[PDB]
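Residue numbers begin at 1 in each chain, while the letters A, B, ... track the order of the sequences. Any value given below was found using the heavy atoms of this structure, including those in side chains, with hydrogens, waters and symmetry copies removed.
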There are 2 protein chains.
Amino acid sequence: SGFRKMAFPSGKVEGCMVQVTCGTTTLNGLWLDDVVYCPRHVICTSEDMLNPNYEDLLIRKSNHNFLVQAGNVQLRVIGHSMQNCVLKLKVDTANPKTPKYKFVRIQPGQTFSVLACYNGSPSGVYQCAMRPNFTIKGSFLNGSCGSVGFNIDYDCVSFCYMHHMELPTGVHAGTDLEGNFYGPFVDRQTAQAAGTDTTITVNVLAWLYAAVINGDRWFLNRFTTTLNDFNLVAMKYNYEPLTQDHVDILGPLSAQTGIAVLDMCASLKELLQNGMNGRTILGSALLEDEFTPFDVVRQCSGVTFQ
Amino acid sequence: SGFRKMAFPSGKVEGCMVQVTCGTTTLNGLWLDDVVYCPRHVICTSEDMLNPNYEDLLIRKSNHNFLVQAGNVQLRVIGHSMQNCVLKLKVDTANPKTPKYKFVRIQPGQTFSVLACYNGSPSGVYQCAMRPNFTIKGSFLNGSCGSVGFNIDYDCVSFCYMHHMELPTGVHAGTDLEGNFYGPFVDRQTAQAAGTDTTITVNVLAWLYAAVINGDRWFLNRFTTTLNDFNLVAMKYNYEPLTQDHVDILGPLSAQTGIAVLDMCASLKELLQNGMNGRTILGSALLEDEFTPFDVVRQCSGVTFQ
Ligand SMILES: *C(=N)[C@@H](NC(=O)[C@@H]1[C@@H]2[C@H](CN1C(=O)[C@H](NC(=O)C(F)(F)F)C(C)(C)C)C2(C)C)c1cncc2c(F)cccc12
Ligand SMILES: *C(=N)[C@@H](NC(=O)[C@@H]1[C@@H]2[C@H](CN1C(=O)[C@H](NC(=O)C(F)(F)F)C(C)(C)C)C2(C)C)c1cncc2c(F)cccc12
């Protein structure tokens with residue numbers, strides 16, 4: 001038992017991280033087969049950041065303008081191209097550590113592990129959710145651009161995120177690995193800002209089920225609710241609507257605990273309307289929304305990865 | 001910016017995990033050079049758990065009674081011995097993935113990363129602290145015994161923990177890698193229980209410094225306090241005493257923020273006496289005590305590992 005914000009083992013991703021330098025800008029790249037992926041703003045100067053024409057900037061570069069270090073060993077760049085907001089640096093060596101992988105784009109509300117990286121050297125690993133407003137509450141300093149987010153299914157790494165930029169509120173924005181931004185953000189200096197967020201209702205319910213599995217029951221009650229009555233309360237507290245598909249996804253957890261989904265919704269309604277009265281749930285005095293139903297089943301059942 | 005409970009990259013440890021089977025008991029082992037380390041209770045039956053004489057049980061075993069799987073490849077056991085509460089299984093192959101390592105024992109209050117494992121297959125990674133009562137608030141199911149805890153310094157893995165057992169409150173007990181238990185726990189079935197815990201005061205102060213670095217300042221005040229006056233308040237709230245060495249360790253953080261350590265103590269005193277009044281700090285409505293001053297400097301400065 002127990003419940004922790006748990007990331008996937010990072011080893012398969014560690015073997016892909018490299019350091020990309022262009023001019024006086026160094027950041028991280030992702031080395032899969034013979035291609036290094038990195039944010040295209042690596043080619044920009046400080047004044048270029050202001051209003052860049054990336055096609056213009058790139059045509060003026062050469063393969064030799066890109067320095068790629070894989071550990072203490074240089075990789076020769078033999079081609080370059082731009083795909084949306086990522087650069088693809090063609091290298092003369094396939095990464096022997098390339099795991100089985102996919103490039104997938106995730107939904108707001110879904111979670112992933114981040115391998116934070118500096119100078120192509122991995123620094124730490126942690127678990128994130130894609131917020132409904134398409135930002136992530138990460139932990140990133142200067143030089144972390146090009147660190148990636150991922151999930152692991154059996155032996156296959158599904159890459160979903162590449163870090164590009166920090167927004168003024170201290171949250172983070174980036175792209176999928178095809179170079180398409182999550183949310184309405186661009187890789188140039190504007191006054192761009194996150195915009196309003198909401199709480200991920202289905203994830204809160206999953207976490208309440210995790211708590212029951214782990215022995216916190218004080219928030220349970222005999223009452224129930226209809227889906228609509230619940231969603232009227234959720235809207236008032238800036239929670240997103242709960243769908244019948246969310247209810248179905250919560251079925252297995254509902255069955256293992258014997259608490260009907262709609263009964264849990266009654267409990268959540270009471271918690272939103274009354275707070276916690278100085279009590280905690282799974283060591284938190286806040287309702288946690290960064291665990292999906294899948295994450296709860298994984299950790300309260302014991303699925304590994306090979 | 002940002003602040004996350006961040007674990008070390010796990011890749012170096014993933015390459016050491018193996019599956020150990022004895023009779024009908026399977027658990028995890030740690031494979032370094034040509035030795036596999038695992039909890040000695042692997043040799044126990046259900047009735048053996050009751051009051052085992054481990055020397056007696058071990059002399060009745062043979063090398064061939066131990067099945068070791070490294071991936072889909074069996075390792076031949078060529079010797080066995082007991083060192084305190086761990087078994088040392090001598091295998092005929094040195095692990096080519098053996099990183100540079102040390103066996104270190106940590107202090108209560110210190111943190112480490114856990115690579116949770118099942119059937120020798122890593123499942124997730126997360127960050128833990130050694131509680132003052134020598135338990136850890138982990139996340140472990142059946143089959144996780146022999147999962148290890150570690151830290152990384154540059155390129156060297158310092159192993160500090162091996163998982164043995166879950167206590168009735170759902171917390172976890174184990175040994176260092178020499179087989180010596182953390183705290184007053186034994187590897188046999190007794191009614192053993194955790195015993196009273198306290199909050200790690202120096203870690204809370206470090207986390208308050210992390211919050212200031214990240215822009216939460218609402219809990220700051222003009223007041224200050226003496227160390228003794230502070231410790232009188234800390235004792236009342238079940239916090240451990242703050243020493244002059246703790247104050248010195250907090251110096252760098254104090255200097256970067258310009259908040260004297262004793263001024264931060266005044267802020268903590270006020271938070272303990274008044275609560276948070278519905279506000280949060282680094283996304284928490286509780287005072288967090290599982291980040292050390294070292295962890296805060298690492299993440300608010302950007303140190304990596306090679
Ligand atoms: C990557 N290593 C770094 N990000 C950038 O350099 C990125 C890049 C410019 C400006 N970038 C930013 O992230 C923002 N700038 C912004 O204009 C905006 F809108 F707020 F996002 C700054 C934080 C530098 C002001 C372009 C968008 C092309 C990076 C990555 N992660 C975290 C960082 C920090 F916390 C601090 C500084 C750089 C960071
Ligand atoms: C390891 N895979 C497993 N632990 C044991 O099997 C371990 C071993 C017996 C009993 N063990 C326990 O962890 C406790 N038993 C206790 O007597 C006590 F005191 F509470 F710790 C049980 C949870 C099984 C009752 C001996 C001590 C020799 C293990 C590891 N981690 C988590 C587990 C669970 F959450 C549930 C079951 C086994 C767990």
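Highest contact tally toward chain B, considering only A/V303, A/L115, A/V13, A/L141, is held by A/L141 [criterion: heavy-atom pairs under 4.5 Å]. Most heavy-atom pairs under 4.5 Å with chain A: of the set B/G15, B/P122, B/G170, B/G71, this distinction falls to B/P122. Here A/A7 is the residue among A/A7, A/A285, A/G11 with the most heavy-atom pairs under 4.5 Å with chain B.
Using a 4.5 Å cut-off between heavy atoms, A/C128 contacts chain B through both its backbone and its side chain. With a 4.5 angstrom heavy-atom cutoff, A/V125 touches chain B via backbone and side-chain atoms both.
For residues 116-126 of chain B, the set of pairs meeting the salt bridge (charged side-chain N to carboxylate O under 4.0 Å, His left out) definition, not counting sequence neighbours, is empty.
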Cross-interface N/O pairs, chain B with chain A, donor-acceptor, under 3.5 angstrom:
| from | atom 1 | to | atom 2 | distance (Å) |
| --- | --- | --- | --- | --- |
| B/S1 | N | A/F140 | O | 2.5 |
| B/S1 | N | A/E166 | OE1 | 2.8 |
| B/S1 | O | A/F140 | N | 3.1 |
| B/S1 | OG | A/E166 | OE1 | 3.2 |
| B/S1 | OG | A/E166 | OE2 | 2.9 |
| B/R4 | NE | A/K137 | O | 2.8 |
| B/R4 | NH2 | A/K137 | O | 2.7 |
| B/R4 | NH2 | A/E290 | OE1 | 2.9 |
| B/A7 | N | A/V125 | O | 3.0 |
| B/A7 | O | A/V125 | N | 2.8 |
| B/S10 | N | A/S10 | OG | 3.0 |
| B/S10 | N | A/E14 | OE2 | 3.1 |
| B/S10 | OG | A/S10 | N | 3.0 |
| B/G11 | N | A/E14 | OE2 | 2.7 |
| B/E14 | OE2 | A/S10 | N | 3.1 |
| B/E14 | OE2 | A/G11 | N | 2.7 |
| B/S121 | OG | A/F305 | O | 3.0 |
| B/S121 | OG | A/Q306 | OE1 | 3.3 |
| B/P122 | O | A/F305 | N | 3.4 |
| B/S123 | O | A/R298 | NH1 | 3.3 |
| B/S123 | OG | A/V303 | O | 3.0 |
| B/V125 | N | A/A7 | O | 2.8 |
| B/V125 | O | A/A7 | N | 3.0 |
| B/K137 | O | A/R4 | NE | 2.8 |
| B/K137 | O | A/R4 | NH2 | 2.7 |
| B/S139 | OG | A/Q299 | OE1 | 2.7 |
| B/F140 | N | A/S1 | O | 3.1 |
| B/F140 | O | A/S1 | N | 2.5 |
| B/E166 | OE1 | A/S1 | N | 2.8 |
| B/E166 | OE1 | A/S1 | OG | 3.2 |
| B/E166 | OE2 | A/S1 | OG | 2.9 |
| B/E290 | OE1 | A/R4 | NH2 | 2.9 |
| B/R298 | NH1 | A/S123 | O | 3.3 |
| B/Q299 | OE1 | A/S139 | OG | 2.7 |
| B/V303 | O | A/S123 | OG | 3.0 |
| B/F305 | N | A/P122 | O | 3.4 |
| B/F305 | O | A/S121 | OG | 3.0 |
| B/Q306 | OE1 | A/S121 | OG | 3.3 |

